[PDB]
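K.L.:
Would you mind keeping the following structure in view while I ask a few things?
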Amino acid sequence: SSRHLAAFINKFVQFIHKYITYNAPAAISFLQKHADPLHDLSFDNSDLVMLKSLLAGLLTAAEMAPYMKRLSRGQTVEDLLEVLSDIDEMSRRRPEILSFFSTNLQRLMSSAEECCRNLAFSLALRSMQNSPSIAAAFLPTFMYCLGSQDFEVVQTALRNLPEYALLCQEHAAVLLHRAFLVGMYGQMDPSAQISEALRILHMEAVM
Amino acid sequence: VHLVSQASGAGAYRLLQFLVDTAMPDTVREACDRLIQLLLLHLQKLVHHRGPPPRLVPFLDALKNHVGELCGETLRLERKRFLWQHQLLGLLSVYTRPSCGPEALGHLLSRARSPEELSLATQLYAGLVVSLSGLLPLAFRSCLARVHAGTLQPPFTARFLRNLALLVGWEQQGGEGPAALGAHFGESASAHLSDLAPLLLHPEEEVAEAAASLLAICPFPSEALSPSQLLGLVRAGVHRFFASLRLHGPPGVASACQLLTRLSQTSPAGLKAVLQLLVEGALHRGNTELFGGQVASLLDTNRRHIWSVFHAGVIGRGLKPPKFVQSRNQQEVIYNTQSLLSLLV
Amino acid sequence: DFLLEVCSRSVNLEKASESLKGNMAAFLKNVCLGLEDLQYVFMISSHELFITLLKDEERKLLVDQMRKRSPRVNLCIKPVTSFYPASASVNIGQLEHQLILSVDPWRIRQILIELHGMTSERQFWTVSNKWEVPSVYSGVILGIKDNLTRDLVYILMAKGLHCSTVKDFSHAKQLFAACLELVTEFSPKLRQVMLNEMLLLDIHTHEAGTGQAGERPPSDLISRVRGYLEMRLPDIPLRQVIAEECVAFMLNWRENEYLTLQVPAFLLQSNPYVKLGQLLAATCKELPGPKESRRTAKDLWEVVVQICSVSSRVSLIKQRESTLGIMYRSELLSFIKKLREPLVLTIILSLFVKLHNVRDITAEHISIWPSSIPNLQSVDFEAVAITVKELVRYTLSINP
Amino acid sequence: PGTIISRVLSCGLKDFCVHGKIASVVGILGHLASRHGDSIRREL
């Protein structure tokens, strides 16, 4: 049943590629130590074309131009929803693509419309899930969403608060502080969300 | 120049920095100058052509990450280098598909001390306006979002606010330049009045007074101010008025006074709100001193204690305190009252 | 002058204690601080009494603080450029750079003439991809046989449209006028295209500068709008956005009588925006009259519920098509976004509030609309909810 | 990597000097051999 492991096979072969690239001697010494399992797997699972390419050894940005243009120049809710759905459906197949749409869909997270805002929040969360480094880049827009006048925006920012708090963890202090302040003066009750976020952060950092 | 345009992927910023440093053997210096000129022209050709498949320039894609450092180096004004760096900033901002120009504009406005650097920012906006649209709202939004977040520390915040105030005041001075530029700093600044109002309450005094000046000169939205916006602006204005009156005395009060006079002139509701809040804060238990208003136990006990209590007990909570005292110069009281009454008139 | 005269007459310098001098100095300081004009604070600063009462450094600090209140600042405006004629390619590149940066028609004409002189043709209309023109216009502009005239017309049209977008209305007017006088010489089709673009630009200028200030149109712009609505020239390319803006302009300035009587029937049948404008003008003007208001409100209700209802259940926002009405829901929303008349916006809000309440909010004109509706299941109420939320947001942006 | 890519580069430059296409093939081969060998090719 190698077909259900297609993503795992791709990830493992990429890791092997990086292993032979950065440290060729250790990778070769491992491969010779386990040569026969690789040979038998290649003979049986010949459909692993990347594995056979390894034995032989022994683009992305252009596709997302019209999507980015449509997302940038779209005004009506229908166009924004359409382009966001097109990004969402294929991003499950290709999670790496969302790194290109970061700045473009940061402005969508502050959109007054509910559906596009929710979808943009989910896409941003998935993007920074794949790449935790870019999570700190989303701090100003997320803080703006928490402090904005549009109460729907503040609500959805609270909804996604534990996840992004788990993502950042260096500005989680100021982020949770902002959440508590908007809870204190704005009448919403973020005690549950702050509790879960703080629970995970404490269970990591000092427990 | 073709190779450096279409090949550099990771070391592009370091390579360009080295090449510009060489272009700061005299023949090698002029060769590098010609190299940078042809590089800028080639990038201009690449970004602006065929318009429709999109051109891809790896050199500019690499340099997109180093936009902040490029903006910082442009502000230092290294003789003729800042011309090349500024033109490259324009090219990069036009090239990027999410249109990263507002980020560069925000960095320039935040980091610009002197009016020459502000002139650099206006030149970049003038260069980009013919190609791109809606740069100022996005730039102001991003910069204010960075201000409200932990990033963009109070020095750069005060610098940004002072620069925006300078731009708004310059546009209000109806010369040939404001008309030619077509920037509309006033409208874009007015769009973010709800965002600028908290800065009047900032703990850092310099940020507070920069925001006070900006609020004093910035035009209100063409339609009107919302009741929440009007109430927030009036409360922040009166708080800044009293705080600056306490801190700097009467001289450091003009900005808040101008803001409150404008708010009163907006509408009768605004007038009533300004007057009511101002006098209430004047009569409040705090700020009333600005206008001449008025306002070990057991061990020591064992030390004092022959073997009889003598006194049957202590009436109430012992001795009364040392009583309240007050002292302030009457001249300062008179002129604070004069400032408040002049604002009210 | 009289205040300082009294101060000098009453101070009696060097015959009074330091208390009196301090009080007078403080009073002069504060009264000059109260002044708003630089000349007045300067001339009170110039008086001998003011100079002698205050030390030098404090007086300089005071006048510097006064001057920094409203500082004079001068900023460079010409875009950064570097003109090295080392070769022909670099000269062509610099000329192209100037062409991109320039928004002056005369300089653009000079640059294009020079470039066509120093090259064969080079098809200079494509030198910048940020110059976007609508495809309906692009089909006819690129058909010009002469290379120089084709490139100049395309550049002028694109730059005028961009300047209209960024609200640089003066330069847009200059560029559109130049392109118009250029195309009048050799083509009537392009002439009519430039006339329509000029009308659209004039509507934008009036709604920007004179708009939001209360002054009525010049009464010639209204005639041009009516002429464009009623011209019905068949063999001309056109953009429906111009018709949208014209009908929105007529609705904003309460031109109800024209929209409800004088518009021809065929314009209603062809263009949907004109029909909607007729309906809105009619239901706005007839409000005191009960039967007429009820009839026209029922007609308006029928058309808008046709717009909101969808064929087949499926969400209307997802598809953007299959709507039973004469206009896309997004198109209807965008057309309403161009309106700024309080009464028309109130009518739309009352209508959408009633429709939302069908399947509770109160609006002042909610009682006019019909209660029972046919094809109740056909109405996509989630789309109606999104629409009414966006509409109330927009109307609050139009009058908080 | 080392000696083979050095000799390929030498052959390519020698053919280039003779001409005053082998060069395209040499570049293609160098690019292909860069994988597991790019550092040695850069050093050469």
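Quick note on naming: the chains in the structure tokens go A, B, ... in the order shown, residues restart at 1 in each chain, and ligands are numbered from 1 in order of appearance.
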Counting only C-alpha atoms, what is within 7 Å of stretch 126-137 of chain A, bar same-chain residues fewer than 5 positions away, as an MDAnalysis selection string?

P.N.:
chainID A and resid 98:99 167:168

K.L.:
If we count only C-alpha atoms, which residues of chain B reach to within 12 Å of chain A? Please list them as a PyMOL selection string.

P.N.:
chain B and resi 52-58+61+96-100+102-103+132-134+137-139+141-152+192-195+198+226+228-229

K.L.:
Could you name the residues that touch residue D:42 at 10 Å or less, counting only C-alpha atoms, but leaving out those on the same chain fewer than 6 positions away, as JSON, numbers by chain?

P.N.:
{"D": [2, 5, 34]}

K.L.:
Any idea what's packed within 10 Å of residue C:178, counting only C-alpha atoms, ignoring anything in its chain fewer than 2 positions away? Could you give it as a list in words?

P.N.:
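So, after excluding close chain neighbours, the residues are residues 104, 105, 106, 109, 152, 153, 156, 157, 172, 173, 174, 175, 176, 180, 181, 182, 183 and 194 of chain C.
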
K.L.:
Within 9 Å of chain A, which residues belong to chain D? Use only C-alpha atoms and report them as a list in words.

P.N.:
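Putting it all together, I get residues 35, 36 and 37 of chain D.
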
K.L.:
Tell me which of B:126, B:38, B:60, B:224 sits closest to residue B:1, counting only C-alpha atoms.

P.N.:
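Between B:126, B:38, B:60, B:224, the residue approaching residue B:1 most closely is B:38.
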
K.L.:
Please return, as JSON, numbers by chain, all residues of chain B lying within 6 Å of chain C when only C-alpha atoms are considered.

P.N.:
{"B": [48, 49, 50, 51, 119, 123, 126, 127, 131, 133, 182, 226]}

K.L.:
I need the chosen residues saved as a short mmCIF file (atom, residue, chain, number, x, y, z; two decimals), in the first residue's frame, with N, CA, C and O atoms.

P.N.:
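Output contents, as saved in again.cif:
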```cif
data_model
loop_
_atom_site.label_atom_id
_atom_site.label_comp_id
_atom_site.auth_asym_id
_atom_site.auth_seq_id
_atom_site.Cartn_x
_atom_site.Cartn_y
_atom_site.Cartn_z
N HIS B 48 9.35 46.69 -16.83
CA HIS B 48 8.42 47.41 -17.69
C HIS B 48 8.63 46.92 -19.12
O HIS B 48 9.49 47.43 -19.84
N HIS B 49 7.83 45.93 -19.52
CA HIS B 49 7.79 45.43 -20.89
C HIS B 49 6.63 44.45 -21.01
O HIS B 49 6.11 43.95 -20.01
N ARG B 50 6.25 44.18 -22.27
CA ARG B 50 5.26 43.17 -22.66
C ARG B 50 3.93 43.37 -21.93
O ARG B 50 3.51 42.57 -21.10
N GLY B 51 3.27 44.47 -22.28
CA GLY B 51 1.95 44.76 -21.75
C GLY B 51 1.26 45.91 -22.45
O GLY B 51 0.03 46.01 -22.43
N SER B 119 11.97 64.47 1.67
CA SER B 119 11.96 64.72 0.24
C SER B 119 12.22 63.44 -0.54
O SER B 119 11.64 63.22 -1.60
N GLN B 123 9.75 61.82 -3.24
CA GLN B 123 10.24 61.45 -4.57
C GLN B 123 9.89 60.02 -4.91
O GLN B 123 9.51 59.72 -6.05
N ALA B 126 6.23 59.95 -5.72
CA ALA B 126 6.00 60.56 -7.03
C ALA B 126 6.40 59.60 -8.15
O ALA B 126 5.74 59.55 -9.20
N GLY B 127 7.50 58.87 -7.96
CA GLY B 127 7.91 57.89 -8.94
C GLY B 127 6.93 56.74 -9.06
O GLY B 127 6.69 56.22 -10.15
N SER B 131 2.73 54.60 -11.83
CA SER B 131 2.54 53.18 -12.10
C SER B 131 1.54 52.51 -11.17
O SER B 131 0.62 51.84 -11.63
N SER B 133 -1.19 52.42 -7.62
CA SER B 133 -2.31 53.18 -7.10
C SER B 133 -2.57 52.79 -5.65
O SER B 133 -2.30 51.65 -5.24
N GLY B 182 -0.10 65.44 -6.09
CA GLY B 182 -1.38 64.74 -6.06
C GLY B 182 -1.41 63.59 -5.07
O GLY B 182 -1.90 62.50 -5.40
N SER B 226 -17.71 60.10 13.24
CA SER B 226 -18.67 59.23 13.90
C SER B 226 -18.73 59.58 15.39
O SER B 226 -17.77 60.12 15.94
#
```
